[PDB]
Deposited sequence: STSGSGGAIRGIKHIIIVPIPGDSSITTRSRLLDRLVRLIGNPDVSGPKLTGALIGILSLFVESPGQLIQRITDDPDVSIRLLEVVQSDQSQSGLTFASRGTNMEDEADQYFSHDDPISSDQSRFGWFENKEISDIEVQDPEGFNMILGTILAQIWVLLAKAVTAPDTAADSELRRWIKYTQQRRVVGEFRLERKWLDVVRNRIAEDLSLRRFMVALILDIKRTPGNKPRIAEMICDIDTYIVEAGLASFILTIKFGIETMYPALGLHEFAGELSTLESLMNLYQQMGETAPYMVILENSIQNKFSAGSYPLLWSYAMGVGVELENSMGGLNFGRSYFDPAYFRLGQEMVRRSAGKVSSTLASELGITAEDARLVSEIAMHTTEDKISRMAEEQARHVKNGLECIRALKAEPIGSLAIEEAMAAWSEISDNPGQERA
């Protein structure tokens, strides 16, 4: 009838248990001979290990109607082949059975690691943290779809913000990681649980402990990347409301987008994460479903913001003429703004024509715009410096700030 996912959890507060379990689970996921449902179970096990009570979190947060989770209390055991068994009796086969040229095996890149069992908290958290990181990054990879900028951006980020919290000794093989990549690809359950986690971590009062905090970070990245193209296109393509929207060739897209926006809205407070949950959703909300309007919006965007740097239209359905069209619309819009402003002040059309021209040119010359921005900011900054020289600073303020930099 209903699908059960077995998920192992620690059976006592001790770190040795927690740790040995983590070890055996990592070990288990690397086994080439393990079945999907089991793997998923093990992963939800591992994903839950960063709270004092994994089983609790799992119980309260799981939100999948098609499956039922059977938690499995695990404890130490000097008598089993594994260092572990269940409660409660003589279920040490269950235990050993459960964990059954060591080359077909996923493990760590560093072959000098023999095990990741550990008796201290701080040390358990480095291992757990480092592993959890790689794991969540995989998800991000899946969600950022074509873009390759994140196996980069995000590993880089984690590298520089988490140290000495994310450590290289505990980098696992591609072979190991691919199992996880795969389970994420193939299992709606696992994905539901990960989204649930995201939500839980978000809704936490605190006081986020290091690992929670970093996972939270990855999460934010994923969420903004998920629907980037979409929002980009709406923001610079539709909302600008340039005459080019009337062109016959946007007609079909605008309506797709209308569908996408209505769908988006109908999804309520879940709307952002949906591209994580089903890939088809992510593919349908992708730029590919309205490539022209997107290219246009790209143009409009970079024209409008004078930026550039960070954009990425390195894609197959990117049409550069639509980029140029967007840009030109932006220019002509400037022209219009200026002729309008001009006429209000009490100037004639004859005389406003030229104003329109010059405005368009003003928009066009982006080097000058940059120059102006820079100059502007430099002026501002000198102003602030001067100001601080003057009325310097309440020692109270400095005291609170010190009190800040402390923690």
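- Residues 1 to 11, 100 to 101, 114 to 120, 428 to 437 of the deposited sequence, counted from 1, carry no C-alpha coordinates in the model.
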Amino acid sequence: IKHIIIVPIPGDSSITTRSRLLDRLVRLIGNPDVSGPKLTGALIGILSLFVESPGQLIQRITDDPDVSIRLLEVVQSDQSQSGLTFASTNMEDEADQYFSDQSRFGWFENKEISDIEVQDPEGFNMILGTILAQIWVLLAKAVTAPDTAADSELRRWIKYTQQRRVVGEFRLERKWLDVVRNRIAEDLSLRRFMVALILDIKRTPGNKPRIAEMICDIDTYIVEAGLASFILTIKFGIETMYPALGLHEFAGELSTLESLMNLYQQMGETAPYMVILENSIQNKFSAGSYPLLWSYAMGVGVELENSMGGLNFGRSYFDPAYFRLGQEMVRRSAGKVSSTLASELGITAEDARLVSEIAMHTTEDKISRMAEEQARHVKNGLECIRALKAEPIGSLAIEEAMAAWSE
From here on, numbers count along this sequence of modelled residues.
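- Taking only CA atoms, the mean B-factor in the PDB entry is higher for 158 to 166 than for the other of 280 to 288 and 158 to 166.
- When the C-alpha B-factors of 113 to 121 and 186 to 194 are averaged, 113 to 121 comes out higher.
- As recorded in the entry, 307 carries the highest CA temperature factor of 233, 333, 262, 307.
- Across the residues 301, 129, 246, 205, the deposited record lists the maximum Cα B factor for 205.
- Looking at the C-alpha B-factors along this chain, the one for residue 390 belongs to the highest third.
- When the CA B factors of the chain's modelled residues are split into thirds, the value for residue 104 lands in the highest one.
- Ranked within its chain, residue 383 lands in the middle third, by CA B factor from the PDB record.
- Annotation for residue 56: CA B-factor lies in the middle third of the chain's modelled residues.
- Among all modelled residues in this chain, the alpha-carbon of residue 21 has a temperature factor (C-alpha) in the lowest third.
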